[PDB]
There are 2 protein chains.
Amino acid sequence: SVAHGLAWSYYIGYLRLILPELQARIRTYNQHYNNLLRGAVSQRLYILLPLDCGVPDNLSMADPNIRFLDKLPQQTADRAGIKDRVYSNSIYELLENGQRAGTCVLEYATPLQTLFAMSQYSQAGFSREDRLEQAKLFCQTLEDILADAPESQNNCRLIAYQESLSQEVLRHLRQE
Amino acid sequence: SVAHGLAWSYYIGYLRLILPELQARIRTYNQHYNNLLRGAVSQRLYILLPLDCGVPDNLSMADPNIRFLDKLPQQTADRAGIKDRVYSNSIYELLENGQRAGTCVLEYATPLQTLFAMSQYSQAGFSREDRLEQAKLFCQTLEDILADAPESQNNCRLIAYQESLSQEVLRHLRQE
Ligand SMILES: COc1cc2cc(C(=O)CCC(=O)O)sc2cc1OC
Ligand SMILES: COc1cc2cc(C(=O)CCC(=O)O)sc2cc1OC
């Protein structure tokens, strides 16, 4: 199916390439700024999975209690003929009553934007019914993949939601 | 199908985002070095589509007559919560009898690597027969998409091949 391929490609072409070196990038960042407690960037990449497939480019649109703090220093690798293909990732502060309550690397799973766009292009032959069903299947397949993936054990957290996003991220950050 | 989703996501999530600003990046690069004639970087992104799905990270492995020259200055854009997500692309020289015969931005279509890996993972439930059939369908769907795409008219060239790659790229570079 469309979602099956998308979940496998997101893992193979992106998560499996960035997750093994993520915790070293986070450790280097936290150690540089001596971040401890709430200011310490979480050891996991937090992946937003909106079931409605609405993927905005600016997170401080979905919730004002989610504030951009810094870029995580880039990872580079030679990839498919791109010399030093750059992997950029952003650190956000999660606010509660105006103060920093948590810190984490956060981004949306871009294949969910593909499902939304496919439902809008006539040549994709993909309905709004297909979009919602394939969004659920994408999330489930990705969960199944990451459960067994050797690169992705203790450094990734999926956040699926339907329509407070900051409270939800903080719920996850607090558990650990 | 798996290939249908991959071709649409490669277009939606990558080509449609980089192709509108590609020719300005190439123009700025050529103008900086006053590149004219064979040394002028082609106005099109050349996308390698190996039908066997073998995607190496270093192009100077597939053919020695393909030599890395320079990185095209990066494009950045806010994307899915990644502030200034970086789009890196590499310029290659295509050699003929030891001399530079052509110059172009070149890379492999990474979703073809996903098909190869999916055929190797038991949980993907995807055979070697599925890989070859879906590789052909990916190439065909991508060709169909780019034919009508408003962002991708005169700035992209697909190079599908089965097993000289340099001669094939040069065949395309010479036509224009
Ligand atoms: C769905 O397949 C892919 C997703 C994905 C996301 C990638 C990212 O860099 C995440 C941010 C973005 O989509 O720009 S690379 C990649 C490659 C894929 O297949 C080869
Ligand atoms: C197959 O779907 C995608 C492919 C792709 C390739 C991307 C690239 O940056 C090309 C180089 C690479 O794969 O690292 S971004 C991207 C996003 C996709 O879906 C959201």
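Whatever order the structure lists ligands and atoms in, that order sets their numbers, starting from 1. Letters A, B, ... mirror the listed sequences (proteins, then strands); counts begin at 1.
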Side-chain donor-acceptor distances from residues 134-146 of chain B under 3.5 Å, at least two apart:
from     : atom 1 : to       : atom 2 : distance (Å)
B:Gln134 : OE1    : B:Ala3   : N      : 2.9
B:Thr141 : OG1    : B:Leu137 : O      : 2.7

What side-chain donor-acceptor pairs closer than 3.5 Å can you find for residues 84-98 of chain A, not counting sequence neighbours?
from    : atom 1 : to       : atom 2 : distance (Å)
A:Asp84 : OD2    : B:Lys71  : NZ     : 2.8
A:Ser88 : OG     : B:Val86  : N      : 3.3
A:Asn89 : OD1    : A:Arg25  : NH1    : 2.8
A:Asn89 : OD1    : A:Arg25  : NH2    : 2.8
A:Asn89 : ND2    : A:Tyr14  : OH     : 3.1
A:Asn89 : ND2    : A:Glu107 : OE1    : 2.9
A:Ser90 : OG     : B:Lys83  : N      : 2.9
A:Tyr92 : OH     : B:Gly81  : O      : 2.6
A:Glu93 : OE1    : A:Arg67  : NH2    : 2.6
A:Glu96 : OE1    : A:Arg174 : NH2    : 2.8
A:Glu96 : OE2    : A:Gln167 : NE2    : 2.9
A:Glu96 : OE2    : A:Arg174 : NH1    : 2.8
A:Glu96 : OE2    : A:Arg174 : NH2    : 3.0

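Considering SG of B:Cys53 and CG of B:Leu132, their distance stands at 7.0 Å, rounded to 0.5 Å.
The hydrophobic cluster around A:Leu51 extends to none of the other residues, as no ILVMFWY side-chain heavy atom falls under 4.5 Å of it.
Remark: B:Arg157 engages B:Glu176 in a salt bridge, criterion side-chain N to carboxylate O under 4.0 Å.
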Using a cut-off of under 3.5 Å, which N/O atoms of ligand 2 pair up with protein N/O atoms, and what distance separates each pair?
from     : atom 1 : to       : atom 2 : distance (Å)
ligand 2 : 2 (O)  : B:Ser9   : OG     : 3.0
ligand 2 : 9 (O)  : A:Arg85  : NH2    : 3.4
ligand 2 : 9 (O)  : B:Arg85  : NH2    : 3.0
ligand 2 : 13 (O) : B:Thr110 : OG1    : 2.7
ligand 2 : 14 (O) : A:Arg85  : NE     : 2.8
ligand 2 : 14 (O) : A:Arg85  : NH2    : 3.0

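Using cut-offs of 30° and 60° for the angle between ring planes, the B:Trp8 and B:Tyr11 rings count as perpendicular.
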